[PDB]
Structures are given as C-alpha cells and as structure tokens.
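Colleague: Just the first chains of my complex for now:
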Amino acid sequence: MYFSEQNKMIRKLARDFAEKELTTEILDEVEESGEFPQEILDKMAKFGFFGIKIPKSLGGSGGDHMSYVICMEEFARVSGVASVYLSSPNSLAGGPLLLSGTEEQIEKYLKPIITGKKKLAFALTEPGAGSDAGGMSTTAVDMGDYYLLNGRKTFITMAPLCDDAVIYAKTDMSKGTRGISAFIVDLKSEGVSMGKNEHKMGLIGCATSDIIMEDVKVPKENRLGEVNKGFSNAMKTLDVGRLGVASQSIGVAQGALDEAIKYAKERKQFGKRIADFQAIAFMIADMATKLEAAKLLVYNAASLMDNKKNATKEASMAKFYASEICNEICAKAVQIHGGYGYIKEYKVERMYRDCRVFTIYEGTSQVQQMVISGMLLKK
C-alpha cells in the first residue's frame, strides 16, 4: 500500500532481527530436536515482538495491524516455526482476552504472555469437530461456584508448553452455535491431561497435541465474557488470526522466491546461467507478479482492520489466495533448484514442507470459499 514511516522502521527491525538471530546452525537443531530455544522467545518479548498490536494503554506496544503483518512476514520469510511462536500471543491468545475479558482477567493473564512469562493455547478443534466447530462435543456444566467439563481437543498448538488455555465448550447443548461459552483453564490443574505430540510434516519446532479434560472443574471467574457469546468471540478472533496465516503465507513465499532468483543467478547449465533460459526467467516473473498481486490483497485487508471497517471477507480472500499461491511458489522454487532442492541442506525444501498446512489450518481453503461465496450471494 503506502507504509507509515514508523511501520517502515518496524520492518527494518524485524528484518535485521529475524535474519541475525535465526541462523542456519540453530534452525537445523530445531528441526532435529523439536524444541524452540526459550532464550530466543525471551529475547523477542524483550523487544516487544510478543506485543505488537496490543497497545501501550494496557502495556502493549502501540503498533497497527499492518505492523503485525509486517513482523509476521519478515519473520516467516526466514523461519516458519518462528512465526508460529509469534502469532500466538499477538492474535490467537491475546485476541479473546482483548474482546470478552474483564480488566482483572487481562491483568492476571495477558501481561504475562506479552512479557513472555506465560504461554496460552487457543484450543477449539475436536476430533469430531473441525470445519464444523459448531458441532462440538465438549460439555460445560454450571454448578454455581464452578463449571464442570468433559471432552477432548485435537491439534492444539503449543499446548504442552502452555500454562493456561482458552477452551470452548458447549454450555447449552440445544442452542448449538448459539450456546457455546469460552473458559480459561489452567493446564496444571486436575483432570487435565495431554496427548502425544503429533509428528507433523513441517513446522517442527512447536509441540502440538491433544488437551484431554476429565471432570475438570473450572471456576466461574475464568469465563470469557457473557455466557453463550463465546462462538462469536472465537470467530472474531479467527478473522485476525487468518490475517496472520496469510501473513506467513506471504512471508515464506518471499523467502522461497529469494532463494529462487539467487540460485537461478548463480547456477550455470549448458554454458548459460540458469536465469538466462527463457523458461526460468518467465517462471520467476510469474511467481513474482502473483506474489505481489496478493501481497496487495493482504496488506489491504490489514489496513481495513486498522481503519475499523469489517474485514471478514477481505481477510478470508487474503488467507485463501495467499496460502494457495504460496504453495505453488514454494514448489516451483524447488523445481528451479533442480535436484539439489530435494536435499535438506538447501533451505527451499524446509519451506516447501512448512507452507503446506497453510491451506488447511485456521479454516481450510474450502471454509474460505464457503464464507466468501456465502457472503456474496444473499440478496
């Protein structure tokens, strides 16, 4: 779009930072040992990356949405898993707190995760309920002084590392999408148990498991906002989260393209250099124009959020198009690298694997199309 001069500065910061602290030596050790170095997380919160869009009014940083996408992009370019550790407190953890949470709840819960002392998991998906989150089966019962819950959540990012977790349970089983409340549960409590860490294809460095709840009692003082609003709470958090996912889509894209034209300048075949064969140079072009076209898609969505108009469609388009053409790009970059791009030492293969979930999680591309078409045809 047009970047406000402070946001250009922030771009400079996140660039030099992500480039300097995420070295090849480290990231390889992260893939081998699926553990991100706590020292780096602390280092990030110390300069505020854990608090980008939360304002100074609550002890945040006072940036705009465009600053969250900028840091998301410039980080994700260099490493995917870093982005995962970045979006959680900015969007997925700090979201529902920011909407339906009293000042006390925010005092005891949000400032820890902005400063990197506590970790919060956003836990919504169940084995029976994926795209159809409305068909949940986790229950929440009112006992007066506390709530009693019994259910099971799959695919919960960061959960074994998290101290508290926002869990969506069904209170009024008849009302369905209208009868879901949101609660904050301390994971160290009773009944709470974790499943195995799931062996995923990429984005290795952040654990992801099940949250199992067996007659876990939760106090009333830890409920999100009004009762049965929770679903709209989770949706309206999911919109900015989807902006996040498109942001990392656009990030890893820029990276894999940069490796693309770099390798294509340096490698020579048949006497010419790679980049002087018309097929390649055109291919580079194609990837570049799409990437830009859609960078513009997503920048625009975030700017809308910053000027307060509803961005629910625009973000959905951004996530959809961004993630899909990200995958196309990542693959083509493998193909330019040729054989060498299939060995793990060449960064392009780690990207190619990372960017694959991008079209599934945070709402699939299908859910995106359902939202978008459903938004355009109502008359």
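Modeller: Ah, there it is. Residues are numbered from 1 along each chain as shown, chains lettered A, B, ... in the order given.

Colleague: Tell me who's in contact with residue A:194.
Modeller: A:159, A:160, A:187, A:209, A:210, A:211, A:212 (CB atoms under 8 Å, 6 or more residues apart in numbering). Quick note: C-beta positions are derived from backbone N, CA and C, even for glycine.

Colleague: And the first one, how far from residue A:354?
Modeller: When CB to CB, to the nearest Å is applied, the distance between residue A:159 and residue A:354 equals 20 Å.

Colleague: same deal with residue A:41?
Modeller: 19 Å.

Colleague: One more: residue A:125?
Modeller: From residue A:125 to residue A:354 the distance is 20 Å (CB to CB).

Colleague: phi, psi of residue A:35?
Modeller: phi -140, psi 120 (degrees, to the nearest 10).

Colleague: How many residues are close by it?
Modeller: 13 (other CB atoms under 10 Å).

Colleague: can I assume it is in contact with residue A:204?
Modeller: No: applying CB atoms under 8 Å, one finds residue A:35 not in contact with residue A:204, separated by 9.3 Å.

Colleague: What residues of the lengthiest helix in chain A count as buried?
Modeller: Using DSSP state H, we find that the single longest helix of chain A is helix A:230-266. Using 16 or more other CB atoms under 10 Å as the test for burial, helix A:230-266 gives A:230-234, A:236-257, A:259-261, A:263-264.

Colleague: Direction included, what does the helix or strand that that helix is followed by pair up with?
Modeller: For helix A:230-266, the following helix or strand on the C-terminal side (DSSP states H and E) is strand A:268-269. Sheet partners assigned to strand A:268-269 using DSSP bridges are listed as strand A:272-273 (antiparallel).

Colleague: What are the contacting residues of the partner strand?
Modeller: Residues contacting strand A:272-273 (CB under 8 Å, 6+ apart): A:264, A:265, A:266, A:267.

Colleague: residue contacts, the residue nearest to the second one when sequence neighbours are not counted?
Modeller: Leaving aside its sequence neighbours, residue A:265 sits nearest to residue A:275 (CB to CB, 6 or more residues apart in numbering; 5.3 Å). Under the criterion of CB under 8 Å, 6+ apart, the contact list for residue A:275 reads A:261, A:264, A:265, A:281, A:284.

Colleague: Of these, just say which sits nearest to residue A:29.
Modeller: residue A:261 (28.2 Å; CB to CB).

Colleague: Tabulate the contacts of strand A:272-273 (TSV), appending distance to residue A:292.
Modeller: Output for these, formatted as TSV (distance: CB to CB, whole Å):
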residue	distance to residue A:292
A:264	18
A:265	20
A:266	23
A:267	25
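
Colleague: let's put chain B on the structure above:
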Amino acid sequence: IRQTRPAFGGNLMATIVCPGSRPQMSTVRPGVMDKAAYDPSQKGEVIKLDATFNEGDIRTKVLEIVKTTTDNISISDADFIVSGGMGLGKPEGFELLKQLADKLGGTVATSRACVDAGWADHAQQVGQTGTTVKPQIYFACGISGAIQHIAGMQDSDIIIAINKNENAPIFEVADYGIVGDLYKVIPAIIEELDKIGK
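Modeller: Placing chain B onto the earlier chains gives this:
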C-alpha cells in the same frame, strides 16, 4: 426334512433337501438348539451291534493326542474382540477385559488414547492408523467413538457398547448399548455368562 444352513461365508442361506435319499443326514452346528429335559429316566431298549473287526480293516492309527492352550492370538485373526479405551483410567483395566475375552476366546484391542498414554502397544490399536477388524463380536468399552476408531470396525457383525455418558457417538453403530461405568457392568456380564453354560 427341510435342511437349512448358511453358505457363501454366511451371505446366502439355503434350504437343501434330499428327495431320493434314505436316510437323510446332516451335521448340525453346536449351539443352535438347546438342551432337552434331563432325568425322566424314561426307559431304554439297549440294542446290540457286532463290532466285528478285521485283520487290518482300519488303516488310520493314532500315535499321540495333544491338548494345547493357545494363548497367542492376533487381533486380526480373532473371532471375538474386547476393546478398551481411555475409559479405564488405569492400565490394569485390560485384566477385566482379559477376563471377558477369555470366556469368549478372543483378544483385547486398544484405541490410540491408551497407546499414546502408555497403557498398551501399537499392535493392538484399531482405526485408520491402527488395524482393521471384522470379528463376530466387538466390545466398545469406554471409547469416545471418534471416526478414527469407528472406521476400523464398522463391519463387525455385532457391536456392543459400554460407556458412561450416553452422548457418546459409539451408540450410533452400537447394536446393543448399555450406559454406565464398565468396571461395574463388565463383571456382571461375565456372571450371567457361565450361568447358562457358554
């Protein structure tokens, strides 16, 4: 006599009859009928036959008879399965189901929740990631009922469920369902089991 039996692996019943054949004979399956009344001590007319053996008029000659106790049995080969999930709480629950499986003559299976908890090994797991089973009976004991499990036993000839919460999906394919804690329901099932004679 109208003789009926199952053929084609049990998919086509047929009433085969012998019109030009006297006598009419038929091997009959064990368990289909039931016992008659015992000790009216009506009568008897014990009749004699000859037993007139020959000088090698029986070429089959027996060296040894063996009675084995077959304890190894694969979850894929079994005819009766007692499967247990996270509704056991403790790893020791399988003893109960082991008691159940023994009166029937089959093995114990597991769901992923227990394997990833450490209560069993992956050889036992059933579902899309596990292994598919088509027993003659399946016991769905304390399993939520994710499709990740229901996928690998949908064609069990009859599925019996034992769960605490009635809002468990498993009751969608349960041929017979019982709501409760299995640690109480399971032993009572074995009680009435032997009480009729297996």
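
Colleague: and the contacts of residue A:275, now that chain B is in?
Modeller: A:261, A:264, A:265, A:281, A:284 (CB atoms under 8 Å, 6 or more residues apart in numbering or on different chains).

Colleague: As a check, name the ranges of all helices in the chain.
Modeller: Went with chain A since none was named. All helices of chain A, identified by DSSP H, fall at A:5-21, A:24-32, A:38-46, A:65-78, A:80-87, A:94-100, A:103-115, A:230-266, A:278-306, A:312-337, A:347-354, A:365-376.

Colleague: Switch to chain B, please.
Modeller: Ranges of helices within chain B are B:93-104, B:112-115, B:147-150, B:182-194, based on DSSP H.

Colleague: could you dump those helices to a markdown table with distance to residue A:377 and mean neighbour count?
Modeller: A markdown table is the format used below for the helices of chain B (distance: least, CB to CB, whole Å; neighbours: other CB atoms under 10 Å in any protein chain shown):
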| stretch | distance to residue A:377 | mean neighbour count |
| --- | --- | --- |
| helix B:93-104 | 53 | 18 |
| helix B:112-115 | 41 | 23 |
| helix B:147-150 | 31 | 19 |
| helix B:182-194 | 50 | 14 |
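
Colleague: Of all the residues in chain B, which one is nearest chain A?
Modeller: Closest contact between chain B and chain A, by CB to the nearest CB, is at residue B:116 (3.7 Å).

Colleague: Domain-wise, how is chain A divided?
Modeller: A:1-119, A:120-237, A:238-379 (curated CATH domains).

Colleague: Tabulate those (JSON lines), appending distance to residue B:49.
Modeller: As requested, the domains of chain A are exported to JSON lines (distance: least, CB to CB, whole Å):
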{"stretch": "domain A:1-119", "distance to residue B:49": "80"}
{"stretch": "domain A:120-237", "distance to residue B:49": "68"}
{"stretch": "domain A:238-379", "distance to residue B:49": "78"}
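
Colleague: Residue B:24 is nearest to which of the ones you listed?
Modeller: domain A:120-237 (55.5 Å).

Colleague: Ends of that closest one, what's the gap?
Modeller: End-to-end distance of domain A:120-237: 14 Å, with CA to CA, to the nearest Å as the criterion.

Colleague: what about the residue positioned nearest the centre of chain B, distance to residue B:138?
Modeller: In chain B, the residue lying closest to the centroid (CA atoms, centre = their mean) is residue B:80, at 3.9 Å. Going from residue B:80 to residue B:138 by CB to CB gives 8 Å.

Colleague: and for these two, which residues touch both?
Modeller: With CB under 8 Å, 6+ apart as the test, residue B:80 and residue B:138 reach no residue in common.

Colleague: Just give me the neighbour total for residue A:323.
Modeller: 29 (other CB atoms under 10 Å in any protein chain shown).
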